[PDB]
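Undergrad: Contents of my_file-v6.txt (compact mmCIF, C-alpha atoms) are below:
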```txt
# COMPACT_ATOMS: atom_id res chain seq x y z
CA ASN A 56 23.69 -3.99 24.29
CA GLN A 57 23.18 -0.42 25.31
CA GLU A 58 23.76 0.88 21.84
CA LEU A 59 21.38 -1.58 20.37
CA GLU A 60 19.04 -0.27 23.00
CA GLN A 61 19.96 3.32 22.02
CA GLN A 62 19.03 2.71 18.48
CA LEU A 63 15.81 1.37 19.77
CA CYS A 64 15.55 4.25 22.19
CA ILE A 65 15.66 6.63 19.31
CA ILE A 66 13.15 4.65 17.43
CA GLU A 67 10.83 4.23 20.29
CA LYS A 68 11.01 7.75 21.71
CA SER A 69 11.07 9.77 18.53
CA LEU A 70 10.07 7.77 15.56
CA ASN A 71 7.54 5.18 16.47
CA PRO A 72 5.29 7.66 18.38
CA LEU A 73 5.32 10.14 15.59
CA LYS A 74 4.73 7.52 13.10
CA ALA A 75 2.12 6.09 15.41
CA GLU A 76 0.32 9.36 15.86
CA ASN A 77 0.58 9.96 12.20
CA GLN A 78 -0.75 6.50 11.62
CA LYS A 79 -3.48 7.12 14.08
CA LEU A 80 -4.67 10.22 12.41
CA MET A 81 -4.19 8.83 9.00
CA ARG A 82 -6.13 5.70 9.89
CA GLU A 83 -8.76 7.91 11.34
CA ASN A 84 -8.69 9.40 7.98
CA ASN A 85 -8.88 6.12 6.07
CA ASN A 86 -11.70 5.00 8.39
CA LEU A 87 -13.33 8.15 8.09
CA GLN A 88 -12.41 8.63 4.47
CA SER A 89 -14.09 5.37 3.72
CA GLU A 90 -16.93 6.94 5.62
CA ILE A 91 -16.61 10.12 3.58
CA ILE A 92 -16.96 7.75 0.58
CA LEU A 93 -20.10 6.58 2.24
CA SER A 94 -21.19 10.28 2.23
CA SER A 95 -20.83 10.37 -1.54
CA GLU A 96 -22.74 7.14 -1.57
CA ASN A 97 -25.44 9.21 0.12
CA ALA A 98 -25.07 11.64 -2.76
CA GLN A 99 -25.84 8.61 -4.89
CA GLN A 100 -28.79 7.85 -2.72
CA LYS A 101 -30.18 11.28 -3.50
CA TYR A 102 -29.53 10.57 -7.18
CA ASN A 103 -31.32 7.27 -6.78
CA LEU A 104 -34.52 9.08 -5.97
CA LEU A 105 -34.26 11.44 -8.90
CA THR A 106 -33.74 8.40 -11.11
CA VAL A 107 -37.04 6.89 -10.02
CA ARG A 108 -38.84 9.22 -12.26
CA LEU A 109 -36.15 8.97 -14.82
CA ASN B 56 23.95 -8.61 21.40
CA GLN B 57 23.75 -11.15 18.69
CA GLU B 58 20.26 -12.40 19.29
CA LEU B 59 19.11 -8.82 19.24
CA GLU B 60 20.94 -7.85 16.02
CA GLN B 61 19.65 -10.95 14.33
CA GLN B 62 16.16 -9.68 14.82
CA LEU B 63 16.86 -5.96 14.55
CA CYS B 64 18.57 -6.34 11.23
CA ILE B 65 15.18 -7.43 10.00
CA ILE B 66 13.96 -3.94 10.35
CA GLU B 67 17.10 -2.52 8.74
CA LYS B 68 16.31 -4.63 5.64
CA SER B 69 12.44 -4.72 6.29
CA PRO B 72 7.96 -0.70 9.09
CA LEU B 73 5.25 1.58 10.62
CA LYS B 74 6.59 4.25 8.37
CA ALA B 75 5.63 2.11 5.37
CA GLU B 76 2.13 1.71 6.67
CA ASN B 77 2.17 5.44 7.00
CA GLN B 78 3.34 6.02 3.50
CA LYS B 79 0.56 3.85 2.30
CA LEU B 80 -1.84 5.91 4.32
CA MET B 81 -0.34 9.08 2.85
CA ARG B 82 -1.30 7.74 -0.55
CA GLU B 83 -4.53 6.16 0.42
CA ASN B 84 -6.41 9.05 1.84
CA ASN B 85 -5.90 11.06 -1.33
CA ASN B 86 -7.16 8.17 -3.30
CA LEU B 87 -10.19 8.15 -1.17
CA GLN B 88 -10.28 11.87 -1.41
CA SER B 89 -10.01 11.60 -5.15
CA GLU B 90 -12.76 9.01 -5.13
CA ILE B 91 -15.01 11.06 -2.89
CA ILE B 92 -14.62 13.99 -5.19
CA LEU B 93 -15.26 11.89 -8.16
CA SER B 94 -18.38 10.68 -6.58
CA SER B 95 -19.41 14.08 -5.01
CA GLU B 96 -18.53 16.69 -7.60
CA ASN B 97 -19.09 14.06 -10.22
CA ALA B 98 -22.43 13.35 -8.66
CA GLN B 99 -23.16 17.00 -9.05
CA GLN B 100 -22.36 16.57 -12.69
CA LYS B 101 -24.55 13.47 -12.88
CA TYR B 102 -27.44 15.40 -11.43
CA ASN B 103 -26.80 18.70 -13.08
CA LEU B 104 -27.42 16.58 -16.11
CA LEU B 105 -30.19 14.57 -14.50
CA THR B 106 -31.87 17.70 -13.25
CA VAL B 107 -31.77 19.33 -16.63
CA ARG B 108 -32.93 16.15 -18.15
CA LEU B 109 -35.75 15.42 -15.85
CA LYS C 234 -60.96 3.33 -7.49
CA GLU C 235 -58.12 5.74 -6.41
CA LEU C 236 -56.78 2.75 -4.61
CA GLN C 237 -54.63 2.13 -7.61
CA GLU C 238 -52.86 5.41 -6.91
CA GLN C 239 -52.63 4.49 -3.26
CA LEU C 240 -51.08 1.34 -4.09
CA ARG C 241 -48.74 2.65 -6.61
CA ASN C 242 -47.41 5.14 -4.17
CA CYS C 243 -47.46 2.59 -1.43
CA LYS C 244 -45.36 0.16 -3.43
CA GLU C 245 -43.08 2.97 -4.42
CA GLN C 246 -42.73 3.80 -0.74
CA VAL C 247 -41.80 0.18 -0.20
CA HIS C 248 -39.32 0.03 -2.98
CA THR C 249 -37.88 3.34 -2.04
CA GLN C 250 -37.64 2.01 1.46
CA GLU C 251 -35.91 -1.08 0.01
CA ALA C 252 -33.50 1.09 -1.86
CA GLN C 253 -32.82 3.00 1.29
CA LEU C 254 -32.60 -0.23 3.16
CA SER C 255 -30.11 -1.49 0.68
CA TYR C 256 -28.38 1.85 0.95
CA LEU C 257 -28.05 1.34 4.69
CA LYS C 258 -27.51 -2.34 4.26
CA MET C 259 -24.44 -1.17 2.51
CA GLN C 260 -23.69 1.61 4.90
CA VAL C 261 -23.59 -1.07 7.49
CA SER C 262 -21.96 -3.72 5.36
CA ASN C 263 -19.44 -1.18 4.16
CA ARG C 264 -18.87 0.06 7.71
CA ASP C 265 -18.43 -3.58 8.61
CA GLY C 266 -15.90 -3.86 5.97
CA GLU C 267 -14.34 -0.63 7.30
CA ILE C 268 -13.94 -2.13 10.75
CA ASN C 269 -13.17 -5.62 9.56
CA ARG C 270 -10.08 -4.32 7.87
CA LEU C 271 -9.03 -2.58 11.11
CA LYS C 272 -9.48 -5.75 13.20
CA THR C 273 -6.45 -6.74 11.18
CA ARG C 274 -4.31 -4.49 13.33
CA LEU C 275 -6.58 -4.21 16.46
CA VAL C 283 0.11 -17.52 16.35
CA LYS C 284 3.82 -16.67 17.16
CA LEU C 285 4.60 -20.25 16.34
CA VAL C 286 3.95 -19.78 12.66
CA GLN C 287 5.61 -16.47 12.74
CA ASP C 288 8.73 -18.29 13.76
CA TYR C 289 7.88 -21.34 11.56
CA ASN C 290 7.94 -19.12 8.43
CA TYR C 291 9.75 -16.52 9.20
CA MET C 292 12.43 -19.08 9.96
CA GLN C 293 11.56 -21.18 6.93
CA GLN C 294 11.42 -18.21 4.64
CA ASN C 295 14.77 -17.09 6.18
CA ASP C 296 16.07 -20.52 5.48
CA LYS C 297 14.94 -20.47 1.89
CA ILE C 298 16.84 -17.21 1.61
CA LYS C 299 19.96 -18.62 3.18
CA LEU C 300 19.67 -21.42 0.68
CA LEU C 301 19.20 -18.88 -2.08
CA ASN C 302 22.34 -17.11 -0.93
CA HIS C 303 24.14 -20.35 -1.57
CA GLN C 304 22.25 -20.99 -4.76
CA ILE C 305 23.73 -17.67 -5.72
CA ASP C 306 27.17 -19.04 -5.02
CA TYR C 307 26.40 -21.91 -7.60
CA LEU C 308 23.85 -20.14 -9.68
CA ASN C 309 26.44 -18.34 -9.48
CA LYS C 310 29.54 -16.63 -8.17
CA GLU C 311 31.22 -18.51 -11.01
CA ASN C 312 30.85 -15.41 -13.03
CA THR C 313 33.93 -14.21 -11.13
CA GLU C 314 35.95 -16.95 -12.80
CA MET C 315 33.88 -17.01 -15.92
CA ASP C 316 34.43 -13.30 -16.53
CA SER C 317 38.16 -13.95 -16.08
CA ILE C 318 37.58 -16.63 -18.77
CA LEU C 319 35.71 -13.94 -20.73
CA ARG C 320 39.02 -12.04 -20.62
CA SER C 321 41.38 -14.90 -21.52
CA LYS C 322 39.23 -17.17 -23.67
CA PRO C 323 38.96 -14.47 -26.40
CA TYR C 324 42.65 -14.75 -26.59
CA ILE C 325 41.75 -16.80 -29.60
CA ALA C 326 41.41 -13.31 -31.08
CA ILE D 233 -61.82 -1.89 -6.30
CA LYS D 234 -61.39 -4.82 -3.92
CA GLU D 235 -58.21 -6.46 -5.12
CA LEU D 236 -56.38 -3.27 -4.49
CA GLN D 237 -57.15 -3.52 -0.84
CA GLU D 238 -55.54 -6.88 -0.75
CA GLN D 239 -52.51 -5.54 -2.46
CA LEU D 240 -52.42 -2.60 -0.04
CA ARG D 241 -52.67 -4.99 2.86
CA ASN D 242 -49.70 -6.80 1.46
CA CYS D 243 -47.83 -3.63 0.66
CA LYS D 244 -47.89 -2.48 4.19
CA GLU D 245 -46.49 -5.75 5.43
CA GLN D 246 -43.03 -4.31 4.83
CA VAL D 247 -43.14 -1.29 5.53
CA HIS D 248 -43.26 -3.07 8.87
CA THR D 249 -40.52 -5.61 8.27
CA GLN D 250 -38.34 -3.13 6.61
CA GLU D 251 -38.68 -0.43 9.09
CA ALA D 252 -37.77 -2.83 11.79
CA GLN D 253 -34.69 -3.61 9.73
CA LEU D 254 -34.00 0.01 9.12
CA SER D 255 -34.03 0.71 12.81
CA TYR D 256 -31.62 -2.14 13.16
CA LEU D 257 -29.35 -0.77 10.47
CA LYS D 258 -29.39 2.71 11.93
CA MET D 259 -28.26 1.18 15.15
CA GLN D 260 -25.68 -0.83 13.31
CA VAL D 261 -24.29 2.28 11.78
CA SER D 262 -23.90 3.48 15.29
CA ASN D 263 -22.44 0.17 16.36
CA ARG D 264 -19.82 0.24 13.63
CA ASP D 265 -18.99 3.77 14.56
CA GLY D 266 -19.05 2.19 18.03
CA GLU D 267 -16.37 -0.31 16.98
CA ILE D 268 -14.23 2.15 15.11
CA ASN D 269 -13.77 5.01 17.57
CA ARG D 270 -13.19 2.87 20.04
CA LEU D 271 -10.19 1.88 17.95
CA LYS D 272 -9.39 5.55 17.67
CA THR D 273 -9.08 5.60 21.44
CA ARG D 274 -7.08 2.38 21.46
CA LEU D 275 -4.68 4.13 19.11
CA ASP D 276 -4.66 7.18 21.44
CA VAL D 277 -3.89 4.93 24.46
CA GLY D 278 -1.39 2.24 23.32
CA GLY D 279 1.46 1.34 20.90
CA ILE D 280 -0.90 0.48 18.00
CA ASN D 281 0.00 -3.25 17.98
CA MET D 282 3.41 -2.56 16.47
CA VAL D 283 4.63 -6.08 17.10
CA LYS D 284 2.10 -7.68 14.86
CA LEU D 285 2.73 -4.93 12.35
CA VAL D 286 6.40 -5.73 12.09
CA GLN D 287 5.83 -9.44 11.98
CA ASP D 288 3.28 -9.26 9.14
CA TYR D 289 5.36 -6.67 7.43
CA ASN D 290 8.35 -8.93 7.56
CA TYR D 291 6.42 -11.90 6.25
CA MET D 292 5.86 -10.19 3.01
CA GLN D 293 9.28 -8.67 2.92
CA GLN D 294 10.83 -12.07 3.07
CA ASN D 295 8.55 -13.30 0.33
CA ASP D 296 9.73 -10.30 -1.72
CA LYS D 297 13.37 -10.75 -0.75
CA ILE D 298 13.01 -14.17 -2.28
CA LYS D 299 11.64 -12.79 -5.49
CA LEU D 300 14.58 -10.39 -5.69
CA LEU D 301 17.16 -13.04 -5.16
CA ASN D 302 15.42 -15.42 -7.52
CA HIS D 303 15.75 -12.65 -10.08
CA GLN D 304 19.42 -12.38 -9.24
CA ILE D 305 19.72 -16.13 -9.70
CA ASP D 306 18.07 -16.29 -13.05
CA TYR D 307 20.33 -13.45 -14.12
CA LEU D 308 23.59 -14.90 -12.88
CA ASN D 309 22.68 -18.40 -13.81
CA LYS D 310 22.14 -17.43 -17.38
CA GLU D 311 24.98 -14.94 -17.61
CA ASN D 312 27.31 -17.73 -16.55
CA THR D 313 25.57 -20.43 -18.48
CA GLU D 314 25.86 -18.50 -21.63
CA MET D 315 29.41 -17.49 -21.04
CA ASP D 316 30.30 -21.09 -20.53
CA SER D 317 28.17 -22.07 -23.52
CA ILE D 318 30.41 -20.04 -25.72
CA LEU D 319 33.53 -19.67 -23.82
CA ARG D 320 34.46 -23.19 -23.09
CA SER D 321 34.57 -23.70 -26.85
CA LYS D 322 35.29 -20.20 -28.03
CA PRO D 323 38.44 -21.42 -30.00
CA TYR D 324 36.58 -24.71 -30.06
CA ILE D 325 39.83 -26.39 -29.31
CA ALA D 326 42.72 -23.99 -30.06
```
What would the structure in this file look like if it were written as structure tokens?

TA:
Amino acid sequence: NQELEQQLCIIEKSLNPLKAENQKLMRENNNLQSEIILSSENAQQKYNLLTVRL
Amino acid sequence: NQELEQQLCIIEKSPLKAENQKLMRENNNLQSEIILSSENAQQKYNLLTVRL
Amino acid sequence: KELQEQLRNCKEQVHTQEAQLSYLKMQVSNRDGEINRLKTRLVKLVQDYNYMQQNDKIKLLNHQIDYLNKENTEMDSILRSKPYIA
Amino acid sequence: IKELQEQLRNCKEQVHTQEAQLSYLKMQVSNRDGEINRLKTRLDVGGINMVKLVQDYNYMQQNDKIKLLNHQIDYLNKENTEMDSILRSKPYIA
């Protein structure tokens, strides 16, 4: 039971938290990357004004 | 020991790491898309500016 | 007289405002969508009732594999001896 | 020119409606940011809901494990079917 726990110990102490922090930062990036997309949408909003005259 | 292996084997044969690999793809897809709507926007308006 | 120019600009201000509104409507609706897809991470009963039923279909498939088939073990032996017509 | 004033009166009606909505949306942008980070902190504080992750993850894996074995079945089923199709009668009778 201990070894099954040890495999889990390894996972939980060294893998899950790194994967979790990596996930965290990478989700911050996909949150924030969707938001960066929203920044290019703002670039489109600028375009949208130029196109009024167009 | 058995109840635990029955469920732990699920991971062995399929987790967080996969979500992470997807994220490792995804942000560069979003980065490609941002570029292609940022630098490409610059192209759209270098052309629109010249045209207007 | 010049009121036409007032109005033209005024309507343009409105429509521009609408475009901007729609822009933000989407910043918000997109940001909604951005959070809504995160709410996904942040009923055990079904989890056990399928997983276990999906788990069971697989166990069944493992036995379908025995009939559909493990017979190739024998059938390949037949592939060796049946061509003894040659 | 008379009718223009009426149109101007109408024009400025929203204008008011829209700006009220724009204020709302500006706040909503903040609120969404205010839902999202937030989650950033939740991710900084706890074990990112790993249990649900593995359970959802597994749901699809099982559905895919099924597709793989179904593939294995169509393969074996036909490899064997066809071998029997020929082999039981390869000499026909000899």

Undergrad: Which residues are near residue 244 in chain D? Cut-off 10 Å, only C-alpha atoms, ignore same chain within fewer than 2 positions. Put them as a PyMOL selection string.

TA: (chain C and resi 240+243-244+246-247) or (chain D and resi 239-242+246-250)

Undergrad: If the cut-off is 12 Å, can you tell me the residues of chain C near chain B, counting all atoms listed in the file? I'd like them as a list in words.

TA: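 The complete set of qualifying residues is residues 274, 288, 291, 292 and 295 of chain C.
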
Undergrad: Just want the 10 Å neighbourhood of residue 106 in chain B, counted on all atoms listed in the file, with same-chain residues fewer than 4 positions away dropped. Output as a PyMOL selection string.

TA: (chain A and resi 102+105-106+109) or (chain B and resi 99-102)

Undergrad: Using all atoms listed in the file, determine which residues of chain A fall within 9 Å of chain B; present them as a CSV table (one decimal) with C-alpha atoms, keeping the file's coordinate frame.

TA:
```
chain,number,residue,atom,x,y,z
A,56,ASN,CA,23.7,-4.0,24.3
A,59,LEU,CA,21.4,-1.6,20.4
A,70,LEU,CA,10.1,7.8,15.6
A,71,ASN,CA,7.5,5.2,16.5
A,74,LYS,CA,4.7,7.5,13.1
A,75,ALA,CA,2.1,6.1,15.4
A,77,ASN,CA,0.6,10.0,12.2
A,78,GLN,CA,-0.8,6.5,11.6
A,81,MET,CA,-4.2,8.8,9.0
A,82,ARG,CA,-6.1,5.7,9.9
A,84,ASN,CA,-8.7,9.4,8.0
A,85,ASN,CA,-8.9,6.1,6.1
A,88,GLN,CA,-12.4,8.6,4.5
A,89,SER,CA,-14.1,5.4,3.7
A,91,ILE,CA,-16.6,10.1,3.6
A,92,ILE,CA,-17.0,7.8,0.6
A,93,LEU,CA,-20.1,6.6,2.2
A,94,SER,CA,-21.2,10.3,2.2
A,95,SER,CA,-20.8,10.4,-1.5
A,96,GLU,CA,-22.7,7.1,-1.6
A,98,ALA,CA,-25.1,11.6,-2.8
A,99,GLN,CA,-25.8,8.6,-4.9
A,102,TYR,CA,-29.5,10.6,-7.2
A,105,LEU,CA,-34.3,11.4,-8.9
A,106,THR,CA,-33.7,8.4,-11.1
A,108,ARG,CA,-38.8,9.2,-12.3
A,109,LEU,CA,-36.2,9.0,-14.8
```

Undergrad: Counting only C-alpha atoms, which residues from chain A have an atom at most 8 Å from any atom of chain D, and could you show them as a PDB file with C-alpha atoms, keeping the file's coordinate frame?

TA:
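Saved to out_2.pdb:
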```
ATOM      1  CA  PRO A  72       5.290   7.660  18.380  1.00  0.00           C
ATOM      2  CA  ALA A  75       2.120   6.090  15.410  1.00  0.00           C
ATOM      3  CA  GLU A  76       0.320   9.360  15.860  1.00  0.00           C
ATOM      4  CA  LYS A  79      -3.480   7.120  14.080  1.00  0.00           C
ATOM      5  CA  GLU A  83      -8.760   7.910  11.340  1.00  0.00           C
ATOM      6  CA  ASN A  86     -11.700   5.000   8.390  1.00  0.00           C
TER       7      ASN A  86
END
```

Undergrad: Counting only C-alpha atoms, what are the residues of chain D within 8 Å of chain C, and for each of them which pair of atoms is the nearest and at what distance in Å, to one decimal? Sort the table by chain and rising number, as a tab-separated table.

TA:
```
residue	atom	partner	partner_atom	distance
D:233	CA	C:234	CA	5.4
D:236	CA	C:236	CA	6.0
D:237	CA	C:236	CA	7.3
D:239	CA	C:240	CA	7.2
D:240	CA	C:240	CA	5.8
D:243	CA	C:244	CA	6.1
D:244	CA	C:243	CA	7.6
D:246	CA	C:247	CA	6.9
D:247	CA	C:247	CA	6.1
D:250	CA	C:254	CA	7.3
D:253	CA	C:254	CA	7.7
D:254	CA	C:254	CA	6.1
D:257	CA	C:257	CA	6.3
D:258	CA	C:257	CA	7.5
D:260	CA	C:261	CA	6.2
D:261	CA	C:261	CA	5.5
D:264	CA	C:264	CA	6.0
D:265	CA	C:264	CA	7.8
D:267	CA	C:268	CA	6.9
D:268	CA	C:268	CA	6.1
D:271	CA	C:275	CA	7.2
D:280	CA	C:275	CA	7.5
D:281	CA	C:274	CA	6.5
D:284	CA	C:274	CA	7.3
D:285	CA	C:274	CA	7.1
D:287	CA	C:287	CA	7.1
D:290	CA	C:291	CA	7.9
D:291	CA	C:291	CA	6.4
D:294	CA	C:294	CA	6.4
D:295	CA	C:294	CA	7.1
D:297	CA	C:298	CA	7.7
D:298	CA	C:298	CA	6.2
D:301	CA	C:301	CA	6.9
D:302	CA	C:301	CA	7.5
D:304	CA	C:305	CA	7.7
D:305	CA	C:308	CA	5.8
D:306	CA	C:308	CA	7.7
D:308	CA	C:309	CA	5.6
D:309	CA	C:308	CA	4.6
D:311	CA	C:312	CA	7.5
D:312	CA	C:312	CA	5.5
D:315	CA	C:315	CA	6.8
D:316	CA	C:315	CA	7.1
D:319	CA	C:322	CA	6.2
D:320	CA	C:322	CA	7.7
D:322	CA	C:322	CA	6.6
D:323	CA	C:325	CA	5.7
D:326	CA	C:325	CA	7.3
```

Undergrad: If you measure from CA of residue 64 in chain A to CA of residue 80 in chain A, what distance in Å do you get, rounded to one decimal?

TA: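 Computing the Euclidean distance for CA of residue 64 in chain A and CA of residue 80 in chain A yields 23.2 Å.
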
Undergrad: Starting from chain D, keep only residues with some atom at most 7 Å from an atom of chain B, counting only C-alpha atoms, and report them as a ChimeraX atom specification.

TA: /D:286,289-290,293
